[PDB]
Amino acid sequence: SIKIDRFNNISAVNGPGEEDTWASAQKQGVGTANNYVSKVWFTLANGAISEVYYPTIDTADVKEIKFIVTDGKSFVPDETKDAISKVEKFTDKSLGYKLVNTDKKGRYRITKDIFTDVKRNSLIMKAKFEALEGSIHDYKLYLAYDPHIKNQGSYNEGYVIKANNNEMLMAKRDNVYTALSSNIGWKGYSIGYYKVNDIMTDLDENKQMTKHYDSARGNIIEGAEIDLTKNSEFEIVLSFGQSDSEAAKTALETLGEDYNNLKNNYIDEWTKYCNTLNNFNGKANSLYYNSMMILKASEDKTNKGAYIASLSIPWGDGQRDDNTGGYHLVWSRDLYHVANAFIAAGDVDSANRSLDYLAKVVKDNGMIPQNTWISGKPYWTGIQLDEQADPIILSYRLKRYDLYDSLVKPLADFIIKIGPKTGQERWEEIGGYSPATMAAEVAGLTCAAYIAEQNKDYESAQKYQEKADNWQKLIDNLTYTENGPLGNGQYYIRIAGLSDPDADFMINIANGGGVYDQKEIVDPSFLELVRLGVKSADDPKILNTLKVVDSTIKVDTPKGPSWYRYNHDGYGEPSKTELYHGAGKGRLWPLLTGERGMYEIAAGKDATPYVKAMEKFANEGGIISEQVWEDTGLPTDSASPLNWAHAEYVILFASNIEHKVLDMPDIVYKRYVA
């Protein structure tokens, strides 16, 4: 079959190396083959491949793969920080990327083509080096691969082998192996310890490879020099496997394939998917398709229906390298919104798979936990009522009345047992009576009653609706203050702790936000009331709240308007030069710009400016972050892409064209807002 020869000629010294961190969460791009066979996902940041996942979407194995160039005499620039990167996709209907990194000093230029092998688990990167000033022979090019197998940078075992006369740098941890190869091979290799004797450190001192270790374990960096005199353009392949032979064999198969063929196959698969989506009479734009592919690419390929929140590690630069994947979890709320985008786009199958995933969760838990791993196992144990309701609402829109016994009834019964109060509202920080959460509960029980009737369970149907009607009539008395310190004192507050929104009640804001009276805090989430058809867009209580919200937490950035989640939000960078580590300052959410746009449509007004604002908030790669700065409207180091925000953009974009709220459950609207 294959002839692999391993050798341990020289082991690295003075390990295990210093501790590491993940890459910046601001991504230039994300991708994966549009099939379930190729279980590899990649992300791009700062002009280079950042985290790479295998064999599941919540299993990061790589921190970075970047190029380092030097003249072998003095300067040593790291492309990820000493060069300007420009990103563009192969086409508007494929998650394939081209990167052009131009040295800030204009000495060199590196161009990359990145995508995966549709048939096997391998990441491909074609690259070419160009000498802008002087001659190419005056430069040295080195590749630095940083493996963080199974979500951790420490204790990574690195070594070198030879598969069919092909020198591959190997890395392993438990059952996960990686193989790094070159179509033209390496001019030299070395596996050293991070910040000790790694390729980067070796160059800072010698500006050329001095060490050539072929073994190491800990926080390692697998470096290699590219023989430029042999070819300024080459192909780098990274394969994965559950063994040395598998990884190596996979790399050999990918390398043996014709480049253009692999690339075209990758693009065609993605294009095929895009062309299956509604184009809205030719109005569908690039951001629409980009958003839909990103969502499509956010599903685990083993646990189908498991869509994650974001394929990034927020403020990763400041996060320690051990076990990280906060946004790599499944939230019923985010999944619900993502499913709505798939529905709006015409990909009903994807929405149903996500619903069936949730049905599986309810079967094993009897309810929806705060969030779960992609496997379906519960993670956090917070109690969010809105999360118990959304799957019911989705069951209704997908007309999946077959899930009544396994999904609808258990969740509806659970909600009636503990509602209308919630353990925590959608920001997952505080409990009480929330207009957004109660809106979800009313909509969910109404949809549950509808489905119960379809199943001829009239007893439950009546029970559910009666509860829904009762809670709907109490929303105002429980969350609408008329004694607030803001504006005219009349508005829905973020959340009430007691059964009287006019009473005094101190709450503790998360992330070091401080202590304030419930009446001092407003949250744009109240618009969920109208979004779900629980309240009319022209209800004077809604308008009154809007005045207070825009006077306190609205900001017109040079990219357009956006809003904070609520006053005194601390979930974000404390300053422009500091990363979020638990206590800082919450920034603007393009997600909320989209939600306001959706409300405007409900109010019978043009939402184009909100569509345009979201478009400008997206970066060069068409990726929308969770948060953006108030002064420039540019992305912070928050999670990106924020799948929920892309889903919101898709729904807003489409809704603004149809002139109606495409994801609002009609029976709820007809009963309360019509």
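The numbering used is simple: start at 1 and walk along the sequence shown.
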query: Mean temperature factor over C-alpha atoms, higher-scoring stretch between 251 to 259 and 282 to 290; finding: 251 to 259
query: Mean C-alpha temperature factor, higher of 558 to 566 and 207 to 215; finding: 207 to 215
query: Residue with maximal Cα B-factor (values as given in the PDB entry) among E595, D92, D502, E453; finding: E453
query: Deposited CA B-factor, highest of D517, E573, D476, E441; finding: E573
query: Chain thirds of CA B-factor: placement of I667; finding: middle
query: CA B-factor ranking of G487, expressed as a third of its chain; finding: middle
query: Where the record places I110 (Cα B-factor, split into thirds across the chain); finding: middle
query: Ranked C-alpha temperature factor of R353 among modelled chain residues, by third; finding: middle
query: Within-chain third of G96 by Cα B-factor, per the entry; finding: middle
